[PDB]
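> As input, take data-v2.tsv (TSV, C-alpha atoms):
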```tsv
chain	number	residue	atom	x	y	z
A	2	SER	CA	0.00	0.00	0.00
A	3	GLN	CA	0.95	3.67	0.25
A	4	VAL	CA	2.32	3.19	3.78
A	5	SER	CA	4.52	0.29	2.65
A	6	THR	CA	5.96	2.35	-0.22
A	7	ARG	CA	6.57	5.28	2.13
A	8	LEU	CA	8.36	2.97	4.57
A	9	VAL	CA	10.53	1.53	1.79
A	10	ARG	CA	11.44	5.01	0.55
A	11	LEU	CA	12.21	6.25	4.07
A	12	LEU	CA	14.38	3.20	4.75
A	13	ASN	CA	16.26	3.57	1.45
A	14	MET	CA	16.81	7.33	1.80
A	15	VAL	CA	19.78	6.82	4.15
A	16	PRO	CA	21.92	4.83	1.65
A	17	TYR	CA	21.06	7.40	-1.03
A	18	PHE	CA	22.28	10.24	1.19
A	19	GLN	CA	25.39	8.22	2.04
A	20	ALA	CA	26.15	7.71	-1.66
A	21	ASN	CA	26.04	11.45	-2.39
A	22	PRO	CA	27.95	13.31	0.36
A	23	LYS	CA	26.46	16.76	-0.36
A	24	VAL	CA	23.26	16.16	-2.32
A	25	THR	CA	21.12	19.30	-2.38
A	26	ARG	CA	17.36	19.61	-1.90
A	27	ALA	CA	16.60	19.85	-5.62
A	28	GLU	CA	18.65	16.77	-6.53
A	29	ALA	CA	17.01	14.70	-3.78
A	30	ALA	CA	13.53	15.88	-4.80
A	31	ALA	CA	14.19	15.01	-8.45
A	32	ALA	CA	15.63	11.61	-7.53
A	33	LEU	CA	12.73	10.68	-5.24
A	34	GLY	CA	10.06	12.38	-7.38
A	35	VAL	CA	8.34	14.07	-4.43
A	36	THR	CA	7.39	17.62	-3.49
A	37	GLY	CA	9.51	19.77	-1.21
A	38	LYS	CA	7.10	19.61	1.72
A	39	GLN	CA	6.79	15.82	1.50
A	40	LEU	CA	10.57	15.40	1.34
A	41	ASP	CA	10.99	17.74	4.32
A	42	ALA	CA	8.42	15.80	6.35
A	43	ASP	CA	10.06	12.48	5.47
A	44	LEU	CA	13.49	13.87	6.39
A	45	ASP	CA	12.14	15.10	9.74
A	46	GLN	CA	10.54	11.72	10.45
A	47	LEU	CA	13.76	9.90	9.55
A	48	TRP	CA	15.79	12.30	11.70
A	49	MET	CA	14.17	11.30	15.01
A	50	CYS	CA	14.25	7.49	14.71
A	51	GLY	CA	17.14	5.09	15.20
A	52	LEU	CA	18.92	2.70	17.53
A	53	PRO	CA	17.04	1.25	20.53
A	54	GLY	CA	17.94	2.93	23.79
A	55	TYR	CA	17.25	6.32	22.20
A	56	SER	CA	20.39	8.34	22.86
A	57	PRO	CA	21.31	11.39	20.75
A	58	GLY	CA	24.58	9.68	19.85
A	59	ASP	CA	22.72	6.46	18.98
A	60	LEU	CA	19.88	7.47	16.66
A	61	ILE	CA	20.30	8.84	13.13
A	62	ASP	CA	22.00	12.24	13.04
A	63	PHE	CA	22.40	14.62	10.09
A	64	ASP	CA	24.49	17.71	9.36
A	65	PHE	CA	22.64	20.54	7.60
A	66	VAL	CA	25.04	22.92	5.85
A	67	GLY	CA	22.79	25.55	4.28
A	68	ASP	CA	20.62	23.61	1.83
A	69	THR	CA	22.67	20.40	1.78
A	70	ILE	CA	22.09	16.98	3.35
A	71	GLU	CA	24.81	14.78	4.84
A	72	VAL	CA	24.71	11.69	7.05
A	73	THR	CA	26.83	11.50	10.20
A	74	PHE	CA	25.45	8.30	11.79
A	75	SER	CA	23.67	5.72	9.63
A	76	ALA	CA	22.60	3.70	12.71
A	77	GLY	CA	23.30	0.45	10.87
A	78	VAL	CA	21.65	1.47	7.58
A	79	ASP	CA	24.54	0.78	5.20
A	80	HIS	CA	22.87	-0.83	2.17
A	81	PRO	CA	19.52	-0.38	0.41
A	82	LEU	CA	16.76	-2.95	0.67
A	83	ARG	CA	16.82	-5.83	-1.79
A	84	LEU	CA	14.68	-6.05	-4.93
A	85	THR	CA	11.37	-7.88	-4.77
A	86	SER	CA	10.36	-10.40	-7.42
A	87	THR	CA	7.71	-8.20	-9.06
A	88	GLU	CA	9.86	-5.10	-9.63
A	89	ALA	CA	12.87	-7.11	-10.82
A	90	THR	CA	10.67	-9.09	-13.22
A	91	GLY	CA	9.15	-5.87	-14.55
A	92	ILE	CA	12.57	-4.29	-15.08
A	93	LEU	CA	13.86	-7.38	-16.88
A	94	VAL	CA	10.74	-7.53	-19.07
A	95	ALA	CA	11.06	-3.84	-19.98
A	96	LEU	CA	14.76	-4.20	-20.82
A	97	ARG	CA	14.19	-7.30	-22.95
A	98	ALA	CA	11.31	-5.57	-24.74
A	99	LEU	CA	13.36	-2.44	-25.47
A	100	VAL	CA	16.52	-4.30	-26.55
A	101	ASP	CA	14.81	-5.53	-29.73
A	102	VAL	CA	13.56	-2.02	-30.62
A	103	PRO	CA	16.07	-0.53	-33.10
A	104	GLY	CA	17.56	2.86	-32.26
A	105	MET	CA	16.00	3.44	-28.84
A	106	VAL	CA	18.88	1.87	-26.88
A	107	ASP	CA	22.23	0.26	-27.64
A	108	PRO	CA	21.87	-3.56	-27.57
A	109	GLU	CA	25.25	-3.97	-25.85
A	110	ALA	CA	24.18	-1.67	-23.01
A	111	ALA	CA	20.89	-3.55	-22.62
A	112	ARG	CA	22.69	-6.90	-22.50
A	113	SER	CA	25.18	-5.59	-19.95
A	114	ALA	CA	22.33	-4.24	-17.80
A	115	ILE	CA	20.49	-7.57	-18.03
A	116	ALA	CA	23.61	-9.51	-17.02
A	117	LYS	CA	24.42	-7.18	-14.11
A	118	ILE	CA	20.84	-7.20	-12.79
A	119	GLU	CA	20.64	-11.00	-13.05
A	120	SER	CA	23.96	-11.34	-11.20
A	121	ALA	CA	22.84	-8.90	-8.49
A	122	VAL	CA	19.45	-10.56	-7.93
A	123	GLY	CA	20.63	-14.12	-8.58
A	124	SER	CA	18.05	-15.00	-11.22
A	125	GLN	CA	18.31	-18.16	-13.31
A	126	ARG	CA	17.21	-19.47	-16.72
A	127	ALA	CA	13.62	-19.71	-15.42
A	128	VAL	CA	12.97	-16.00	-16.13
A	129	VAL	CA	12.05	-13.95	-19.19
A	130	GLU	CA	14.66	-14.38	-21.92
A	131	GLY	CA	15.33	-12.89	-25.33
A	132	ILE	CA	15.37	-14.55	-28.74
A	133	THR	CA	18.85	-13.72	-30.08
A	134	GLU	CA	21.96	-13.77	-27.89
A	135	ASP	CA	23.68	-11.47	-30.40
A	136	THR	CA	21.55	-9.55	-32.89
A	137	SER	CA	24.31	-8.52	-35.35
A	138	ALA	CA	21.55	-7.37	-37.74
A	139	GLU	CA	22.20	-3.65	-37.19
A	140	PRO	CA	23.75	-2.08	-40.32
A	141	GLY	CA	25.28	0.71	-38.22
A	142	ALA	CA	22.62	3.25	-39.21
A	143	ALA	CA	21.05	3.18	-35.73
A	144	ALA	CA	24.37	4.06	-34.07
A	145	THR	CA	24.85	6.96	-36.49
A	146	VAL	CA	21.30	8.18	-35.79
A	147	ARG	CA	21.88	8.04	-32.03
A	148	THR	CA	25.20	9.87	-32.39
A	149	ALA	CA	23.53	12.57	-34.50
A	150	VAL	CA	20.76	12.94	-31.90
A	151	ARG	CA	23.27	13.22	-29.05
A	152	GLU	CA	25.64	15.63	-30.83
A	153	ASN	CA	23.02	17.59	-32.84
A	154	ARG	CA	24.70	17.14	-36.23
A	155	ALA	CA	23.37	16.95	-39.77
A	156	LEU	CA	22.41	13.48	-41.00
A	157	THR	CA	21.68	12.10	-44.47
A	158	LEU	CA	18.98	9.43	-44.70
A	159	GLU	CA	17.90	7.37	-47.73
B	374	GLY	CA	35.63	-21.92	48.82
B	375	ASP	CA	38.76	-19.90	49.62
B	376	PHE	CA	39.98	-19.95	45.99
B	377	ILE	CA	36.83	-18.46	44.42
B	378	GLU	CA	37.08	-14.80	43.42
B	379	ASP	CA	34.20	-12.40	44.01
B	380	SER	CA	33.66	-10.70	40.64
B	381	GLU	CA	31.02	-8.23	41.90
B	382	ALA	CA	33.34	-6.30	44.23
B	383	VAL	CA	34.42	-2.74	43.50
B	384	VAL	CA	37.90	-2.61	41.98
B	385	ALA	CA	38.66	0.54	44.04
B	386	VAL	CA	40.21	2.01	40.89
B	387	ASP	CA	37.12	2.35	38.67
B	388	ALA	CA	35.35	4.30	41.43
B	389	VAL	CA	37.94	7.08	41.67
B	390	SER	CA	38.31	7.11	37.88
B	391	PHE	CA	34.53	7.49	37.52
B	392	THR	CA	34.48	10.31	40.09
B	393	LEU	CA	37.23	12.15	38.22
B	394	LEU	CA	35.40	11.51	34.94
B	395	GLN	CA	32.21	13.04	36.36
B	396	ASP	CA	34.13	16.08	37.62
B	397	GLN	CA	35.89	16.56	34.27
B	398	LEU	CA	32.62	16.15	32.36
B	399	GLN	CA	30.95	18.77	34.56
B	400	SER	CA	33.89	21.11	33.98
B	401	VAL	CA	33.62	20.60	30.21
B	402	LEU	CA	29.85	21.17	30.25
B	403	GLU	CA	30.39	24.41	32.21
B	404	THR	CA	31.94	25.85	29.02
B	405	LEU	CA	28.63	25.61	27.12
B	406	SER	CA	25.49	27.71	27.28
B	407	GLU	CA	22.75	26.99	29.80
B	408	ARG	CA	20.26	25.78	27.18
B	409	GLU	CA	22.57	23.25	25.51
B	410	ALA	CA	23.94	22.05	28.86
B	411	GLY	CA	20.44	21.48	30.21
B	412	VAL	CA	19.35	19.70	27.02
B	413	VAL	CA	22.37	17.39	27.15
B	414	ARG	CA	21.91	16.67	30.86
B	415	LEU	CA	18.22	15.82	30.44
B	416	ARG	CA	18.74	13.77	27.26
B	417	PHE	CA	21.72	11.74	28.49
B	418	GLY	CA	20.28	11.43	31.99
B	419	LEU	CA	23.21	13.13	33.72
B	420	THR	CA	20.81	15.12	35.90
B	421	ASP	CA	19.71	12.70	38.63
B	422	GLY	CA	19.39	9.04	37.64
B	423	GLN	CA	17.80	8.37	34.26
B	424	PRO	CA	17.43	9.72	30.72
B	425	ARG	CA	14.40	11.28	29.05
B	426	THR	CA	12.91	11.27	25.55
B	427	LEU	CA	13.08	13.84	22.77
B	428	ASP	CA	9.36	14.64	22.85
B	429	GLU	CA	9.41	14.99	26.64
B	430	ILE	CA	12.26	17.52	26.50
B	431	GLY	CA	10.56	19.38	23.65
B	432	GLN	CA	7.34	19.65	25.65
B	433	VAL	CA	9.19	20.73	28.81
B	434	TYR	CA	11.10	23.47	26.98
B	435	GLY	CA	8.08	24.32	24.81
B	436	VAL	CA	9.79	23.88	21.44
B	437	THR	CA	9.28	21.64	18.43
B	438	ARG	CA	10.94	18.22	18.37
B	439	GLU	CA	12.79	19.31	15.22
B	440	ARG	CA	14.32	22.20	17.17
B	441	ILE	CA	15.35	19.84	19.98
B	442	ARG	CA	16.99	17.44	17.53
B	443	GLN	CA	18.81	20.30	15.78
B	444	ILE	CA	20.05	21.65	19.13
B	445	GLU	CA	21.31	18.21	20.17
B	446	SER	CA	23.03	17.67	16.81
B	447	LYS	CA	24.75	21.07	16.99
B	448	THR	CA	25.86	20.46	20.58
B	449	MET	CA	27.25	17.02	19.74
B	450	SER	CA	29.08	18.44	16.72
B	451	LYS	CA	30.58	21.17	18.91
B	452	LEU	CA	31.64	18.67	21.58
B	453	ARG	CA	33.52	16.60	18.98
B	454	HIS	CA	36.05	19.42	18.59
B	455	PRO	CA	39.58	18.30	19.57
B	456	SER	CA	39.84	21.01	22.24
B	457	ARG	CA	36.94	19.54	24.22
B	458	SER	CA	37.88	15.91	23.48
B	459	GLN	CA	41.62	15.88	24.25
B	460	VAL	CA	40.93	15.85	28.00
B	461	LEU	CA	38.40	13.01	27.67
B	462	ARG	CA	40.47	10.92	25.24
B	463	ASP	CA	42.41	9.22	28.05
B	464	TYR	CA	39.18	8.24	29.85
B	465	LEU	CA	38.15	5.85	27.05
```
Could you render the structure as structure tokens?

Amino acid sequence: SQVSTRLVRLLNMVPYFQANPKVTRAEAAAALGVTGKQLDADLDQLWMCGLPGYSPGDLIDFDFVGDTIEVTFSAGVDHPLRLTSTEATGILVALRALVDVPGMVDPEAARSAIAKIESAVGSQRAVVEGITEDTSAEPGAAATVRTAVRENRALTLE
Amino acid sequence: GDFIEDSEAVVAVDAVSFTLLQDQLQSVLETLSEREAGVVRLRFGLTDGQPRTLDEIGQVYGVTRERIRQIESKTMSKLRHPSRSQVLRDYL
């Protein structure tokens, strides 16, 4: 439900703040896709909860420098929560659907992402799989189109 | 029964060390403001025998819990300065 998603986001905020030492308010809001007031309320709620015993040196403590967020005591929160079956399956399905679409994404990048996600989550051959291990059907026009899009250069198409 | 050591007896060295630690901690806390010193004493339970909770202190001082947490964080950051920790380094 909504409460479960809020709990997951609040629990995973700490590793995100640890990854970026001086992430600003705007970057955090864009990353989490939430309004400023909601992010402030979640930050306040996360600030006053931590280790049992409830000592100021035991619970989670921050360090506000102007409009920047930094973590000084993770209170044991060092890694983000694992990936559930549904979200991992959806991500794999989306990647394997978009790998076959020409020009939207590089096939090598999609294959690397699939391999890394499968290694991280420990999936096996009993999941969604593609048709061709190596396409090799691209004539190189898609790469040129993507390069022209990225660099904003003139392109000739027949 | 004459070769069994009583492990619950006072070592007669931790008592004097703890007394000196309390005196030194009071001396260090005397260098702060009244508000921060009172907040730290109430939160850590240095006052009489036991600690309190963040909401309780916020209600007693009539301020928001966010303000109490910010005050405690600032005080702890200040107390981590080497000047106020060099004296207490040898006690740990």
> Hey, what's within 10 Å of residue 398 in chain B if we count all atoms listed in the file and toss same-chain stuff fewer than 6 positions away? As a PyMOL selection string, please?
chain B and resi 392+419+457+460-461
> May I have the selected residues written with C-alpha atoms, as a short mmCIF file (atom, residue, chain, number, x, y, z; two decimals), in the frame of the given file?

```
data_model
loop_
_atom_site.label_atom_id
_atom_site.label_comp_id
_atom_site.auth_asym_id
_atom_site.auth_seq_id
_atom_site.Cartn_x
_atom_site.Cartn_y
_atom_site.Cartn_z
CA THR B 392 34.48 10.31 40.09
CA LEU B 419 23.21 13.13 33.72
CA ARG B 457 36.94 19.54 24.22
CA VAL B 460 40.93 15.85 28.00
CA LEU B 461 38.40 13.01 27.67
#
```
> With distances taken over only C-alpha atoms, which residue among A:100, A:69, A:130, A:122 lies nearest residue 86 in chain A?
A:122
> Using all atoms listed in the file, which of B:389, B:425, B:412, B:401 sits nearest residue 453 in chain B?
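Distance minimum relative to residue 453 in chain B lands on B:401.
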> Pick from A:8, A:102, A:50, A:146: nearest to chain B, with only C-alpha atoms counted?
A:50
> Which residues of chain B are close to chain A, meaning at most 7 Å apart when you count only C-alpha atoms, and how do they look as a PDB file with C-alpha atoms, in the coordinates of the input?

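This went into selection-v8.pdb:
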```pdb
ATOM      1  CA  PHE B 417      21.720  11.740  28.490  1.00  0.00           C
ATOM      2  CA  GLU B 439      12.790  19.310  15.220  1.00  0.00           C
ATOM      3  CA  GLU B 445      21.310  18.210  20.170  1.00  0.00           C
ATOM      4  CA  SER B 446      23.030  17.670  16.810  1.00  0.00           C
TER       5      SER B 446
END
```
> Can you pull out the residues contacting residue 438 in chain B? Cut-off 10 Å, using all atoms listed in the file, and skip same-chain residues under 2 positions away; I want them as a ChimeraX atom specification.
/A:45,49 /B:427-432,435-436,440-444
> How many Å lie between CA of residue 128 in chain A and CA of residue 87 in chain A, rounded to one decimal?
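Between CA of residue 128 in chain A and CA of residue 87 in chain A the gap works out to 11.8 Å.
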> Can you pull out the residues contacting range 16-33 of chain A? Cut-off 7 Å, using only C-alpha atoms, and skip same-chain residues under 6 positions away; I want them as a ChimeraX atom specification.
/A:40,68-72,78-81
> Restricting the calculation to all atoms listed in the file, which member of B:450, B:426, B:437, B:380 is positioned closest to residue 414 in chain B?
B:426
> Could you check how far CA of residue 13 in chain A sits from CA of residue 452 in chain B, in Å to one decimal?
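Atom-to-atom, CA of residue 13 in chain A to CA of residue 452 in chain B, that is 29.5 Å.
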> Would you pick out the contacts of range 109-120 of chain A at 8 Å or less, using all atoms listed in the file, so that residues sharing its chain but fewer than 4 positions from it are not included, and give the list as number ranges by chain?
A: 93, 96-97, 100, 124-125
